[PDB]
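Architecture and fold: a report
These are the residues of each chain, in order.
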Amino acid sequence: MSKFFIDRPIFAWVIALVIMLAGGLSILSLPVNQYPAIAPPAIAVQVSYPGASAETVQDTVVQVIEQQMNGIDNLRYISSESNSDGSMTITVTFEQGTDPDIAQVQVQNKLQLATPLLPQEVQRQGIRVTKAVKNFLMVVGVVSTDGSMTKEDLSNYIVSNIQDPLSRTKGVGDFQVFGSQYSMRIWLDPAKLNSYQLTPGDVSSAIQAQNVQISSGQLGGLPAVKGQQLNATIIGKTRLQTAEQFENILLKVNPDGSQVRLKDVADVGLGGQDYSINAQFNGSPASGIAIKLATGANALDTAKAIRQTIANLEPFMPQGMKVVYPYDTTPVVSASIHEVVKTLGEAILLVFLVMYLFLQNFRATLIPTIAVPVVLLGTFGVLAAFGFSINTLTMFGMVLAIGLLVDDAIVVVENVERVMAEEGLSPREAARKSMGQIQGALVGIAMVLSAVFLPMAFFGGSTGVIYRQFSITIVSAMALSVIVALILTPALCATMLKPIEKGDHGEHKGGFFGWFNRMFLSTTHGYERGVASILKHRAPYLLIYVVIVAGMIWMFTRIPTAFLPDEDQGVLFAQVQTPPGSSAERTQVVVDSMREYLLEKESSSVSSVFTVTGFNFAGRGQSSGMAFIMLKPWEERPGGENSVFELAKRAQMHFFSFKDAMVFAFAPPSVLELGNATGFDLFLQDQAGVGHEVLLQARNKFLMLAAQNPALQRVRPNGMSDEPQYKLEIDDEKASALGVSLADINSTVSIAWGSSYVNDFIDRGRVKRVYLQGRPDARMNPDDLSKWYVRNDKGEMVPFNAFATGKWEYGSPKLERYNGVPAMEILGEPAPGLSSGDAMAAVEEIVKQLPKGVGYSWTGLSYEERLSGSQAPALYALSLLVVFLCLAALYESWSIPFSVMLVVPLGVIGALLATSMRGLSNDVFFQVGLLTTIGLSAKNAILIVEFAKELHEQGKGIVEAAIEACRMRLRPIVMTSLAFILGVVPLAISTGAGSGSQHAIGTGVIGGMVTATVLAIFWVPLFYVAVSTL
Amino acid sequence: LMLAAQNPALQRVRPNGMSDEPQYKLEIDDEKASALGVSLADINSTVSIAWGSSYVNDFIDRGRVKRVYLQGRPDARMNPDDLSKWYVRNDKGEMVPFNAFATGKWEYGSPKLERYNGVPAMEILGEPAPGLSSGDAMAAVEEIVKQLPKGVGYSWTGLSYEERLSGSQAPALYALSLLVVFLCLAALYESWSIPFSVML
Amino acid sequence: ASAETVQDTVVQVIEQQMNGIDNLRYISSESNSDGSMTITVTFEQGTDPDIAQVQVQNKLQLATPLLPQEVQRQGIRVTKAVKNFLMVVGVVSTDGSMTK
Amino acid sequence: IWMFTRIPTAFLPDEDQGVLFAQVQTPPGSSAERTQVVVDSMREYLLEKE
Amino acid sequence: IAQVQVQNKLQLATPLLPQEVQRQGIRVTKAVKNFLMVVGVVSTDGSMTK
Amino acid sequence: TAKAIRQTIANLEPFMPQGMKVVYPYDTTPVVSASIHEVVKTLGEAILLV
Ligand SMILES: CC(C)(C)c1csc(NC(=O)c2ccn3c(=O)c(/C=C/c4nnn[nH]4)c(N4CCC[C@@H](OC(=O)NCC[N+](C)(C)CC(=O)[O-])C4)nc3c2)n1
Ligand SMILES: CCCCCCCCCCCCO[C@@H]1O[C@H](CO)[C@@H](O[C@H]2O[C@H](CO)[C@@H](O)[C@H](O)[C@H]2O)[C@H](O)[C@H]1O
Ligand SMILES: CCCCCCCCCCCCO[C@@H]1O[C@H](CO)[C@@H](O[C@H]2O[C@H](CO)[C@@H](O)[C@H](O)[C@H]2O)[C@H](O)[C@H]1O
Ligand SMILES: CCCCCCCCCCCCO[C@@H]1O[C@H](CO)[C@@H](O[C@H]2O[C@H](CO)[C@@H](O)[C@H](O)[C@H]2O)[C@H](O)[C@H]1O
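Residues numbered from 1 in each chain as written, not as in the entry; some residues may be left out. Chains lettered and ligands numbered in written order. Part of a larger assembly, values for the part shown. Heavy atoms only, no water.

Structure determination for this PDB entry was carried out by X-ray crystallography, with a resolution of 3.1500 Å recorded in the header.

By the naming in the PDB entry, chain F is Multidrug resistance protein MexB, taken from Pseudomonas aeruginosa. In the PDB, the title recorded for this entry is "Structural basis for the inhibition of bacterial multidrug exporters".

Under the PDB entry, the name given to chain D is Multidrug resistance protein MexB, and the source organism is Pseudomonas aeruginosa.

Considerations on the site of ligand 1
Residues and elements named next belong to chain A. Lining the immediate environment of ligand 1, one finds 18 residues, of which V139, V177, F178, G179 and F628 sit closest. Take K151: an N or O atom from its side chain is 3.3 Å from a nitrogen atom of ligand 1. At a separation of 3.4 Å, a nitrogen atom of ligand 1 approaches a polar backbone atom of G179. In isolation ligand 1 offers 930 Å² of accessible surface; the protein chains occlude 79% of this area. When contributions to the shell around ligand 1 are tallied by element, the ones reaching two or more residues are β5 (136–144), β6 (172–177), β17 (606–613) and β18 (626–631). Taken together, the residues of the shell around ligand 1 sort by class into 13 nonpolar, two polar and three charged. (Near = heavy atom within 4 Å. Polar contact = N/O pair within 3.5 Å; in protein donor to acceptor, adjacent residues only side chain to side chain. Areas by Shrake-Rupley, 256 points an atom, 1.4 Å probe, with all protein chains shown as cover. Helix = DSSP H or I, 4+ residues; strand = E, 2+ residues; numbered from the N terminus. Nonpolar A, V, L, I, M, F, W, Y, C, P; charged D, E, K, R; others polar.)

Comments concerning the interface of chain C and chain B
Counting residues at the interface gives 17 residues for chain C, matched by 15 residues for chain B. A combined buried area of about 1,400 Å² lies between chain C and chain B, and 39% of that area is made up of carbon and sulfur atoms. Sorting the residues of chain C by area buried against chain B places C:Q7, C:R25 and C:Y26 first, and these three jointly supply 35% of that buried surface. Between C:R25 and B:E162 there is a salt bridge, with the nearest N and O atoms lying 2.8 Å from each other. The tally of links between chain C and chain B comes to nine residue pairs in polar contact. For the side of chain C that touches chain B, the secondary structure elements donating two or more residues are α1 (3–18) and β1 (24–32) of chain C. A class-by-class count of the residues in the side of chain C that touches chain B yields four nonpolar, eight polar and five charged. Here strand β6 (residues 112–116) of chain B pairs with β1(C) via five bridges, running antiparallel. Across the sheet, B:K112 pairs through a bridge with C:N32, a residue of β1(C). (Contact = heavy atoms within 4.5 Å. Buried area = accessible area lost by both parts, 1.4 Å probe. Salt bridge = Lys/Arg side-chain N within 4 Å of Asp/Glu carboxyl O. Pairing = 2+ DSSP bridges.)

Here we look at the arrangement of the chains
Counting contacts across all nine pairs of chains that touch, the top pair turns out to be chains A and B. Spatially, chain B and chain F are disjoint, and the shortest separation between their C-alpha atoms is 41 Å. Chain D shows no contact with chain F. Their nearest C-alpha atoms sit 54 Å apart.

Focus: the pattern of salt bridges
Using the criterion set out here, one finds 52 salt bridges over all chains in the structure. One salt bridge connects A:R967 with A:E528, and the closest N-O pair in it is separated by 3.9 Å. Of this pair, A:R967 sits in helix α30 (residues 958–968) while A:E528 sits in helix α17 (residues 511–536); the two residues are 439 residues apart in sequence, bridging distant segments of the chain. Each of the two residues, A:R967 as well as A:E528, counts as buried. A salt bridge links B:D75 to B:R73; the nearest nitrogen and oxygen atoms lie 2.8 Å apart. (Buried < 20%, exposed > 50% of the residue type's maximum accessible area, 1.4 Å probe, protein only.)

With respect to the site of ligand 3
Residues and elements named next belong to chain A. Surveying the vicinity of ligand 3 reveals the residues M447, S450, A451, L454, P455, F458, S870, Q871, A874, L875, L878 and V882. A distance of 2.7 Å is found between an oxygen atom of ligand 3 and a backbone nitrogen or oxygen belonging to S870. Compared with its free state, where it exposes 790 Å², ligand 3 has 50% of that area covered by protein. The leading source of residues in the shell around ligand 3 is helix α26 (residues 861–891), at six residues. Taken together, the residues of the shell around ligand 3 break down into nine nonpolar, three polar and no charged.

Here we look at the sheet that holds β1(C)
Taken together, four strands build an open sheet; the order of strands is β7(B)-β6(B)-β1(C)-β2(C) and the sheet is antiparallel. The two strands at the open ends of the sheet, each matched to only one other strand, are β7 (119–121) of chain B together with β2 (37–43) of chain C. Within this sheet the neighbouring strands show an average axis-to-axis angle of 25 degrees, counted without direction. Strand direction decides the pairing type here: β6(B) and β7(B), joined by three bridges, are antiparallel. Along β7(B), the bridge assignment pairs B:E114 with B:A121. (Axes fitted to C-alpha atoms, helices over the stretch in contact; angles between N-to-C directions.)

Considerations on unusual backbone geometry
Residue and element names in this part refer to chain A. For the bond from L222 to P223, the omega torsion is 0 degrees, close enough to zero to count as cis. Position of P223 relative to the elements: it lies in the loop between β8 (218–219) and β9 (232–235). Here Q228, not a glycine, exhibits a phi torsion of approximately 45 degrees, which is positive. Within the element layout of this structure, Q228 appears in the loop between β8 and β9. Residue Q228 is classed as buried on the basis of its relative accessible area, which comes to 12%.

Remarks on the sheet that holds strand β12 (residues 266–271) of chain A
All names here are of chain A. Sheet architecture is open: four strands sit in the order β12-β7-β24-β23, paired in mixed fashion. Strands at the two margins of the open sheet, each flanked by one partner only, are β12 and β23 (756–762). Shown here is a sheet whose adjacent strand axes are inclined to one another by a mean of 25 degrees, direction ignored. In the sheet, strand β7 (residues 183–188) pairs with β12 via six bridges, with the strands oriented antiparallel. The partner of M184 across the bridge, within β12, is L270.

Describing the packing of helix α13 (residues 392–423) of chain A against helix α31 (residues 970–989) of chain A
Residue and element names in this part refer to chain A. In the contact formed by α13 and α31, the axes pass within 9 Å of each other and the chain directions differ by 155 degrees. Viewed along their axes, α13 and α31 adopt a mutual orientation that is roughly antiparallel. Between α13 and α31 the crossing geometry is right-handed. Only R971, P972, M975, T976, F980 and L987 of α31 make contact with α13, whose side of the interface consists of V399, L400, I402, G403, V406, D407, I410, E414, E417 and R418. (Parallel < 35°, antiparallel > 145°, perpendicular 65-115°, else oblique. Left-handed = near helix turned anticlockwise from the far one by under 90°.)

Right, dumping it as structure tokens:
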């Protein structure tokens, strides 16, 4: 090629056009969204078993569902959660890359098989199966600002009015509502009910016989008798709708002339299905929605569209209802795109400038201007092909690639320009001449660079998914670049470039350029003299290399090594845990003081506060609420005392005071989707059936033994504390003595105290649920237990205290199980300075001290990093061997390839330095850039050596070749490295919105860039002469 | 449908939901059945067992499992008056007639409500009047449909949609196929003129 | 149940769930006075029939708890939806020994 | 260009497919016999006259 | 898919099976016809029975 | 999946009562290891022989 396309500029141009086109069509219809699916996909099975112990929900629904939940493809592990409010969750975690639609359907199939094994009330409730990934698009609040509506009223609104339209909005995936539909609430008074010798169970039965659908037949149904003529359906009665219809319904008819109905005995009105979770946006009571993006949608379009839909409904809303949008991914997925077309612009601009500055031509200036965008276009096409998307990482992927993309354009032009000046060949001549020298190398370097980036795409787990994003977007960019810098560029060169006088390096020029050329020219000679001196005096340097190498080896183990960069998304979390036995109303108070403060004392940074009671990241329960703090946009809170990490630093202090409610306060970890990216994560498991008590003390020994270990820090239980519960105790003897029914005993507790889902009732079309339970003042203290009367043999009401006998005993409000056997989740991290594998190696040991029958499993990120980590060395070796082999075949030598590979440290040292200096971590963004810098460094090196080789061959000294090759190479090296480090600086200084990551790459590259330029120029000729000599 | 038997281009226009139908609105005063003896709407075990079928259980029959079915005599569910004939047994043991709690208020609603894209709907069909094409017919319909009480739109479905869609591609089909041809000639002939000579 | 009861207690719920499935072209349900209903979810021309079926089934399972207990303890049918019949294969009686 | 816009626009050509449908719908309420008679006339004024 | 389709029609059967069977726990499985292996457990000093 | 069960009972063994050993009565996998090993071997021979 090249030669072939040098003569066929139009064909060449066509190939451009088609890839340009493919780019475009693609570019405009790629899904756009913030992150791909990093997390290992998970399905969640969940019901509530209205007012039931953790114990019952664990041994009655979890243990049974779990026993059936096997023979499911791609399953990695499974964990459960049985809670005090009576809710449960089985979380089934499958392998990355698992079709989430098959994952889900296999799970709800095993679920379906296990249903008739569950208790009635649970079945009637209906068990929900869904995809548990937390990649939320926006969460929208619906709030009652005059505090007229209760939460329950709002969420019923949401279900009835907002749900179905929002459902039909373009690009809306799965969403969750903060609460549900209304239910016909009914509130049994124990006294009012006792005075007519009536049981709560009587009421249930009454409603069941009195709130039904009359099934209805057909007038003139087939078979009919001869005649018939009129065939019409007969419609009977539907069901009760009004609260009144309910207050009616006859319960007893009295000995005299009268009749008793539900309205005498209980209160009745529409209400909550469940009262466990209460939540409010800035004090004001509120529900809301958490929306997911549908698969392939556009995060930008559909956010705009969700809004549209809601706006079209804001005209119709009851007075004092506001729909505020607290959290929204749009600012960031926008920020990321501007911050790319901006640096792709500044880059093509910057290239143009240094193009001119060195090559005084104007036509030359725009060969790179055509080629770079022809490539970026294509790249979005290849991305399309491989089935990726436009997201945070595929975007940085492009920025990071621009180095490689730009260098490829510069080398090709500067070389024709050079050959033309030094040899006086016509542009067309210089082009083929030039490609003669370059094709070879180029093709080869594409191989080299594929080996540098691909093995990273073979990692597994979340870590791997992230690398694949970079690796593929990059080697795609580079592969395309090579192609167009083989087909288009030389063609453009031969066409658009203008002949230049042999010998004319232009210092006669005068003016500024005359100043420059004379100047640069002198520098070049200096550089030559530099090299020439080094090649004279070898050993000294070779050893100063060996120092710089050690410096790098030392600089590694000394950098803090984290998974991701710390990010300021617009968000902050606050956890509240009021001590065991607190009431939500007593927890609510903490979460309110919390909000007042943030909103008042802190509003320099804080924009809105959403506050939940009876739910947490430690579990659900009346002692548990928390706060999702929404910050105002980064522009509106400059200065590093208004960063999340700062606001959160001081909200610790502000709340440290409380001697009545532990209150953690922390930032979310950058990729929400992945929960908790730090330290380590494990479950302790009761294998040999040893029991909750032993297990509980294995947890506690483990903990107060890690606390006193060098290698670990911050080691907690994720779960919940054990607490007092009320061990109500029946007596079979003295209860059949009063001749009381015993099925009647505990059927009354279930209903009065636990509540009971009795029935359906069409409310405004929608069928909704009818719940029966004791009025609240009737069920708050042991003494209220006595308020309750059951029927015996004769019509005599027997009080509960008659055969009852309460007792404080303590159990658990959160029963955890991991892989079928009961568990306790521990979290922690390694002692500052130390690493994850160290901490596991510690934990590995302190686990051995545990009671027999208790074992353990690693889970979440700790599970993954055990696997991905065992595979690194294999990849690094393959990467190293393969590049080696490519260099061998290019250099027709087993030894020269070393003179290129030894540049690597020279790259990395600077990288490490800058990163460590600016106080940053050894993370994924640093890792990937480090591969960019060493990659672009190998390129430089490859061309120098290749030239030195071509010359040495065309007949001249090893040392004379090395020097003649540098010099020849110096100018494009300087050009492309000046172009880039300038193009990257913004990321280095980047400010707000993704800026944390931009710092991670800006700092890294340009550490390596600076050193790899100012050093390979000297040491590459050393190494080449060095190994050649040898 | 009026305007459609009138319009000269259409031919055979029809609906798909079969109108409204007479439905026998039943009625009970819960209080009166409680006054007699039959308390609680237990009455269903009579209304639906007699006037609808009632799959009770299974019997094998020549080695194959069919259903056992309960339903009233044909002559006992033919007229509003046949409901008179049905005596609910009592809590004492006596036959309360069905006239103690009746009220057949011969009413009427819909036999088949259709629905399309989350709004309610009616589906009309119809061909085009001979010598004309579905496009003509289609264009015609988009007129007769303006005279529709605002707040009532329409949607094409089926063949119509498939045709609406077929027609919209065409522009681009031609553009693209034109363009490819151009470039391939360019490539193959190393000319711009030659391509232009052929587009012309 | 009444056509309108049926339209409002089932069709309404499940239909809203199907909103949002991938490559969805349109939905068209119908409810009858005889109890029966039918939602027909049409997809775009390249959608794999079996993933579409599964996706339907996945959403369907979510609607379930908001359905009448007669409906719910009953079992909802889901199936691929051909418009046309390939052939009617019939049987008739040479003499007259077998009734309809 | 003038000639284009002047041509009518179909989808698929009509085809003597070799089969046809009759579709009967007696007014909202009729008995089995009502429909059945209608259905039995058109089955004659077709199998006998066409 | 085979399994998704079978269970799906198995589904429409379930409401008509006897409680005693439903409660018993039905297994829909996609295995290969033959036994791969038997994992055995055996008592060493006889403390454990069959 | 042989390897993987070998692996599950592998780290369940440390929890079994003192009077109990896991054993592999029936097993099919020995034949495939054996089979492909035997071929490997007659390949290595063929190559020395050739
Ligand atoms: C972290 C992120 C994504 C950046 C963010 C920032 S702000 C925000 N959203 C919230 O701040 C917020 C604010 C209020 N919430 C709530 O009030 C509830 C409580 C909801 C509730 N109340 N009664 N029932 N449910 C809730 N769930 C706390 C409970 C566990 C989670 O799952 C769901 O609640 N899913 C909804 C499905 N329901 C409950 C409807 C199932 C059903 O049909 O019964 C979320 N989550 C929230 C979440 N998320
Ligand atoms: C499964 C397939 C995997 C393939 C992986 C192999 C990667 C190969 C990398 C591309 C190398 C091409 O290398 C090609 O051949 C020889 C090197 O031997 C070189 O040709 C050379 O010959 C002469 C004299 O020998 C020199 O003046 C000069 O160095 C160069 O012109 C060119 O630099 C190049 O055209
Ligand atoms: C011209 C283009 C050339 C560039 C392309 C080069 C691609 C790089 C190849 C690496 C891909 C191979 O995939 C990788 O294989 C190795 C070796 O079996 C695996 O490694 C596995 O076996 C080795 C050897 O027993 C173990 O030390 C290792 O811990 C284990 O995981 C990796 O887990 C897998 O990810
Ligand atoms: C024109 C430009 C072309 C550029 C495009 C190049 C595409 C190359 C992408 C290769 C994708 C590799 O796919 C990835 O393989 C790795 C490693 O084997 C898998 O990881 C898995 O493999 C090995 C098995 O030996 C295990 O050690 C590891 O724990 C496991 O999870 C990933 O789950 C899979 O997704």
